[PDB]
Amino acid sequence: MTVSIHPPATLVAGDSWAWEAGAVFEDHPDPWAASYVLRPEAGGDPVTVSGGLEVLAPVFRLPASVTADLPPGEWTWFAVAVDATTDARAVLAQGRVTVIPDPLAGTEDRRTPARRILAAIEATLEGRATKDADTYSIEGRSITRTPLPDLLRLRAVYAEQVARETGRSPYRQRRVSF
Amino acid sequence: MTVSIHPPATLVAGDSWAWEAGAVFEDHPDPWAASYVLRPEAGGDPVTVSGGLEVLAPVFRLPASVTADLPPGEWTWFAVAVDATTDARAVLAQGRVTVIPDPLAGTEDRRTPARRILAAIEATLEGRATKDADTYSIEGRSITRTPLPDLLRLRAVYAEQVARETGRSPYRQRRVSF
Amino acid sequence: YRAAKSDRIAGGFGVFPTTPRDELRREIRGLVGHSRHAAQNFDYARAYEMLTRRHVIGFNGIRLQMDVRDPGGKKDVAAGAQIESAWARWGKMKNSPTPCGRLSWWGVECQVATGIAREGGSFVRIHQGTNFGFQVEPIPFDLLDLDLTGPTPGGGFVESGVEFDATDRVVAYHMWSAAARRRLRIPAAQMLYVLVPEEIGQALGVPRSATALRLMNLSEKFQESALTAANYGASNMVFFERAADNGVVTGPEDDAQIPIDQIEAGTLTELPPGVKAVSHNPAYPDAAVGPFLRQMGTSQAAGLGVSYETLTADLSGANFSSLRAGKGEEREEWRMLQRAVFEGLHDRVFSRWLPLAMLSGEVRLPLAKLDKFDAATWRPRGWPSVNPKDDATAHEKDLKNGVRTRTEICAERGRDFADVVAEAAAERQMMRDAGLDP
Amino acid sequence: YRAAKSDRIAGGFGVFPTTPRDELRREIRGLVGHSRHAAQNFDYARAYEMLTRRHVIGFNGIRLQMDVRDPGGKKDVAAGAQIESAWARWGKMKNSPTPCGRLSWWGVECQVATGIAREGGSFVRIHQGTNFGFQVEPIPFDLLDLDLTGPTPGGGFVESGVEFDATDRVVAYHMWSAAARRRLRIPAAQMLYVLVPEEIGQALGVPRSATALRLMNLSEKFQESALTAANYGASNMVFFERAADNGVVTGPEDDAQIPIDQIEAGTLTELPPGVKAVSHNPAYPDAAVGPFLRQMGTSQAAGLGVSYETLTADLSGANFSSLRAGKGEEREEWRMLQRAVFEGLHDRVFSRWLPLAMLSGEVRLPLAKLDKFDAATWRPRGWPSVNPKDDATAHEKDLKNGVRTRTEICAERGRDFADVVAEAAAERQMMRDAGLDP
Amino acid sequence: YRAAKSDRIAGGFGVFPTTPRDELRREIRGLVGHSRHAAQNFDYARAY
């Protein structure tokens, strides 16, 4: 039947989460429960949200303290209504939400991989600028580095992604304006 | 609700920092605090800014002496309002700011990597101008340097970046002007 | 025989024959709504509207000449003068013509005609007592109730707001309302609907713009897109494309504050670039458009029953002959519409107006011999020719051969012979003071 | 039938039919504002404005001729002379025509007409006592209050500032204000709104430039971009492109001080370069523009109800016949507008003016028989033909066949037969001194 | 009806109707100055 799967796409950890779905569980309203199962995709144990609501409009809420240790990464949203007498469950929803690493705590969090790759390329290029060598072969060991044209290509592709995520990616424009 | 995440993008160390945000914490004004969490991206411990303000307009300020040892590099800005009775925090802001290395102190700071790579290329080319050799192979050791056409390409790409950062990058124009 | 039998690979011809009626009613409600939109927002149709009105209405409107009896000696001018004078009087600006009062008779004709094109017909109603009397007010088409349907046990169907009788004759109409009290059965005598007949079995008339309504919407959207693309093409100027090497770490922070302004004002500005350059070639429709647009356009014109040159002022590639032919075809169409609009409105109004006016004594004459003054002829106005010399020579030759009577020539212009003779008597008095002719 | 029924892939035809009224009011407030902007900043419309004014107004303005009664012997010239003289008097520069005093009657007609095109109509109000009397002042369109709405328990709706009655007849208007005291109910007698009727069910008139308003904005922006691109293309001259090798360490410091000037003045200047050269090829619309612009332009003209050649002076590719046809179509449109503007303003003003002027004795005549001098005819002025010889021959032939009366020919020009006869008497006196004709 | 109502992708038609007067006065002072310049330095207008 009707369904309202709309958790905010950007769900931040340690923060209270609410969608107050409009009509997902309107089918089987009398004897079936509300769930909004949230499952970590790679590991974890599905956590669930119940009701705690006003009767006319269901409002779904999760306490901030409980969110606490939830996994940083990608999470899935599926909504299930279930009744024991019926011995059936019914699934009406689908979605995908990402958990931002807890912003109020922790020793360290770096940027998404695009930054890491980019930073490293700058580092490796720095080394090979000096001490130039395509074969550091001594005694029985030979390293043979990746061609310089190749490294450059990687830098460009990655740099563009970092720009896209930041949102400063639109191609630049200079106005002659006399 | 409303939010005013605008720390000046160029935040200099050892200097007092202020945005005096207009409306970020207008939601939950009565029982929730002001934070403007500043966290070093690669390491560090989140430092925070409170109020110390006039009632009508909140003004956020950080003492210069406290800034002192803050990490040189990239920093993130997230604003959180939190109430214990509510057992919830609310995050309304996002941003990115860079900390210029303290300009009033220190033994040494070089330029950003673009300069380093460029300087080195000039150095390596200098060496291979004389003593020309693509295989310094003696006894059991063989070096095999990077091709000269390749080194040249690196120089050009980097030189352009240094120009862009300085801002002297616009392509040159000669006016015939009779 | 088996040419259009079905829809195998090149059809769509329905499956079974259906009554144009129901299809016609749904189509017309939807279309009145649609034409309302097109005329207001697109183009070409605004032009149809203008064209129709002007050609079919009148600088002098449509005038009335009434012949009492046989025009040899049995018709007399006194009654004629009186009636004409009276009609024209209230036709001129006055409190009497409408329950408005920004309008007049000319206005009502023009408007009823515009309404007619756009909505495929419209109605007017007459009121007596409040006023004189018999004031005519036009009512908007949308007022009619499409939903009232269902026959009475002792009565005929009331579908599309028309009250049929046991003879299945028209007797009442069922407009919605003033809006508030809805539903008012109105006697047919009060409400007259002009209809421009096409297929006979209809209770209503379609907007005459239906055939081109689809083509025009698409065309206006197209005209709006092309100009915009051309502007963009002129604006982006050159693109400085690069090979796949650098552009690395274009810093994010500088981007937000400003788009750089670089001065190229100086005349000679040879420029040196780091990598490569390219010049945008606009593909905005360039000269393809003139031929393409015209062909789609010709189709629309044929559909609306008007010459292309009149509908859209392309006015290109035409010799004298081509223009003459086009005018001739349109002239026939206009004539047909002209007869119809006044076949209905004028005749009903003149007849109805006469008794009240006679009773009010507004017009001075006796009521009992109504028939003697009953006849009433409405005169349309024709359009002038490009080559007057030829026409004049032909006309002289015709007058010579007793083939054309003098009256007909005047009629084509629309002026009329009595008018001509009165004016001639005035010219004769002007001769007494000075001179006549050699 | 099912041609425009919905908006599947090629539509937008609303969803349900709606009253043009509300749409019309919102559209018109927005559009008066919009036309104000276009006429002032774009182009082509400034041209419409100019065109409308000139064609519809007058070198001689619009004059007045009044016939006392039947023009055989029952109309007399004395009353006519007196009335004409009086009207023209105050029409000429004087304190009496306006509560301004930089203006005159001609000015008021021209202006009311310009206002009419651009804003789809405008109003004038008359004042008596301060002065003579009956001075007419035009009031700007924006003064009207669009917001006043809501019916009274004993009264009809006041929407769009119009006070309807229990008969739903017009009785009052509700302009904002002078601005300061806002809101003044003004009696209809004082304020008259000319309306150029199109669709009948409207309380207001749209700017006649609405159809082309969208197309023109886009077009002017385009014309502004193309010229600029062409200038840039001519200016950058050659680009000295390089392969991907050097240009290294172009020093930052030298850049700020100056852009180098290099002399190429000498005629022969063969030049040797370090790497490579290229020549900019301008892609600025070159010859594509003439055809592309014209086609979009034709559409606008059709929308505004004017021939393209008049609206924009392309004046290209036209044979004699093409020009003649175009003029003929426009002539009809102008005639229609001409009748309407004076259908309203002149008639109301002449009628209203007469009593006060008679009472002030400004005009000498008795007040009680108002009807004898009541009739008043306004005369428009026509436009002259390209080929006079043909016209003259045709006219002679027509005068010969009693088909055209002498009066009509004069009317087309707009001069009039009485004028012609007075002038002829003057020519006869000039004959006494010298000679007449052979 | 809704042809020029706003400035979605192809407009610029102000936002609200305004008195040509004030606009007219500012425009005219600026323009007398401007025409003075054009007539003297450009072309075509010298011709007008």
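Residue numbers (the authors' numbering), protein chains in the order written: chain W, 1 to 178; chain X, 1 to 178; chain L, 32 to 162, 213 to 260, 269 to 527; chain A, 32 to 162, 213 to 260, 269 to 527; chain B, 32 to 79.
All residues carry an ideal CB built from backbone N, CA and C; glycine is no exception.
Of all alpha-carbon atoms in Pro-361(A), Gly-61(A), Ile-347(A), the one lying nearest the alpha-carbon of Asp-223(A) is that of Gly-61(A). Exclusion of the five residues before and after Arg-145(W) leaves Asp-134 as the residues of its chain whose Cβ lies within less than 6 Å of its Cβ. In this structure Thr-10(W) does not touch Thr-67(W) by the C-beta definition: roughly 14 Å separates them, more than the 8 Å allowed.
Taking the C-beta atoms as reference points, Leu-302(A) is found no nearer than 8 Å to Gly-294(A). Looking at the backbone, the Cα of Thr-339(A) and that of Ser-368(L) are separated by about 26 Å.
Going by DSSP, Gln-216(L) is part of the beta strand (DSSP E) stretching over 216-220. Burial check for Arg-470(L): the Cβ neighbour count within 10 Å reaches 16 or more, so the residue is buried. Remark: three or more beta-carbon pairs, one from each stretch, lie closer than 8 Å, so the stretch 161-169 of chain W and the stretch 113-121 of chain W are flagged as touching.
If only uninterrupted alpha helix (DSSP H) runs of at least 4 residues are considered, those enclosed by the stretch 44-97 of chain W are 64-67. Within the stretch 320-349 of chain L, the residues whose Cβ lies closer than 8 Å to some Cβ of chain W are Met-326, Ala-333, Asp-334, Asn-335, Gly-336, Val-337, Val-338, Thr-339, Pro-341, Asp-344, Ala-345, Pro-348, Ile-349, listed in chain order. Against chain X, the beta carbon of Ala-366(A) has no neighbour under 8 Å; the closest one sits roughly 13 Å away.
With 16 or more neighbouring CB atoms inside 10 Å of its own CB, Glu-288(A) falls in the buried class. Interface with chain L (8 Å Cβ-Cβ cutoff): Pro-170(X) is included. In the DSSP assignment, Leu-225(L) forms a beta bridge with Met-256(L). Taking CB atoms only, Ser-65(W) has no neighbour in chain L less than 8 Å away.
When rounded, the separation of the alpha-carbon atoms in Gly-151(A) and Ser-411(L) is 36 Å.
Under the three-state reduction of DSSP, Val-139(A) is assigned to helix. In the three-state scheme derived from DSSP, where H, G and I count as helix and E and B as strand, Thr-230(A) is classed as coil. Runs of the alpha helix (DSSP H) lying entirely within the stretch 108-135 of chain X, each at least 4 residues long, are 113-129 in chain order. One finds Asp-334 in chain A with Cβ atoms closer than 7 Å to the Cβ of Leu-152(X), taken in chain order. Judged by DSSP secondary structure, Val-243(L) falls within the beta strand (DSSP E) whose first and last residues are 243-245. In the three-state DSSP reduction, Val-378(L) falls in the helix class (H, G or I). No Cβ of chain W is located within less than 8 Å of the beta carbon of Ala-9(X).
Taking a Cβ-Cβ threshold of 8 Å, none of the residues of chain L is close to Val-143(A); the smallest such distance is about 15 Å.
For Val-157(W), the uninterrupted alpha helix (DSSP H) run begins and ends at 148-166, by DSSP. Here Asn-320(L) is buried: its Cβ has 16 or more other Cβ atoms, across all protein chains shown, within 10 Å.
Membership of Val-37(X) in the beta strand (DSSP E) is indicated by the continuous run 37-40. Against chain A, a Cβ distance below 7 Å from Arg-175(X) picks out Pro-348, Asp-350.
For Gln-96(L), the enclosing beta strand (DSSP E) stretches over residues 94-96. Using beta-carbon distances, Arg-155(W) counts as an interface residue toward chain L, with a partner under 8 Å. Shown here for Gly-42(L): same chain residues with a beta carbon closer than 8 Å to its own, the five before and five after excluded, namely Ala-35 in chain order.
Along the stretch 456-485 of chain L, there is no position whose C-beta sits under 7 Å from a C-beta of chain B. In the DSSP assignment, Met-1(W) falls outside any alpha helix (DSSP H), carrying neither H nor E.
The continuous beta strand (DSSP E) containing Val-155(L) extends over residues 154-158.
Contact between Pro-113(X) and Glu-122(W) holds: CB atoms are separated by about 5 Å, below the 8 Å threshold. Just measuring C-alpha positions, the residue of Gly-231(A), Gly-290(A), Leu-382(A) sitting nearest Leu-55(A) is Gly-290(A).
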